[PDB]
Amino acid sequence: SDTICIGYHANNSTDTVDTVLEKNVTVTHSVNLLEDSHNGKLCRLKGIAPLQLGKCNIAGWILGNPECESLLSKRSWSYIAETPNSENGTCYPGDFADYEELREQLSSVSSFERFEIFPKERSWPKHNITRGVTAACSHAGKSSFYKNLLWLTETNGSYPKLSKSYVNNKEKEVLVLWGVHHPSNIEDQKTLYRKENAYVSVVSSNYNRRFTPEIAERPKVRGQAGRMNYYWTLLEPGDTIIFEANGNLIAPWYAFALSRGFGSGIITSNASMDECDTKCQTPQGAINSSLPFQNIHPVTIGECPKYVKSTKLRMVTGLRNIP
């Protein structure tokens, strides 16, 4: 006798998915929705490589700490990656004004040129340009100082009032950094600046601040009982910045012509760089951005899938596997 039967597919599959009524249901075909792994490497976003700081953090690198490598080309970066061993910042103790804000703004740049804004060899004819070194910023056993700043001091027994201006002839922003030095006692103030009451004045079209040195005995940091506070400003194209000072000015020596980009960020990662392109960067490494969810890290940079605390998220495509 003849027969015909109706049936459905079965496979050798051992995939299991969860349903609302039953957990651990063996199915024939399934697709994963959860991005589960990274490549352990720092990759390029939008085709541009990140700025990798090693021994230095953003503070020490932008100031020119003697332990940081300087940028010698017209660079650009999609994000900033600093090492867990990036402990070289302000080798001379002091306060960095709006430091977190400067970091968020330097996180992504499309152009970045370092240039002599106030050349040491010709800008200060009536001040001493060589005494401004310190054991706090020592390099190779000798005393030094920041590579992008200049510590002006008295010469021939005087520190005359200075007025140095810079006009931004670049067609982009120019980040100008400087410092204000605060001695520990009135004797050290007289030795370096030959007056008890000095002042620093920095002005532009949108920036206007006067700095008065505060002299007081403080605890020693990096062997130094004095402090010098650090300040910066973004100078717009066509604008003028003017430094007017009686003393205690840590004058700018190099500045940075830059074009800031669509806000990125900073990851702290000991992972190494590879010649790869990614759309999503995790502190542990880059991840594929095709799936809608990832559980690698909540702090990501890029065009990223949403972070979930889940461990298993796959949708069944086939049937219940009943062999």
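Heads up: residue numbers just count along the shown sequence, starting at 1.
When the C-alpha B-factors of 68-76 and 181-189 are averaged, 68-76 comes out higher. Mean CA B-factor, 279-287 versus 257-265: the higher value falls on 257-265. Out of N248, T130, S163, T90, it is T130 whose C-alpha atom has the highest B-factor in the PDB entry.
The PDB entry assigns its highest CA temperature factor, among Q105, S201, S86, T212, to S86. Among the modelled residues of its chain, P298 has a C-alpha B-factor that falls in the lowest third, as given in the PDB entry.
Looking at the C-alpha B-factors along this chain, the one for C56 belongs to the middle third. Sort the chain's modelled residues by C-alpha temperature factor and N197 lands in the highest third, per the entry. Sort the modelled residues of the chain by CA B factor and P50 lands in the middle third. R218 sits in the middle third of its chain by CA B factor, as recorded in the PDB entry.
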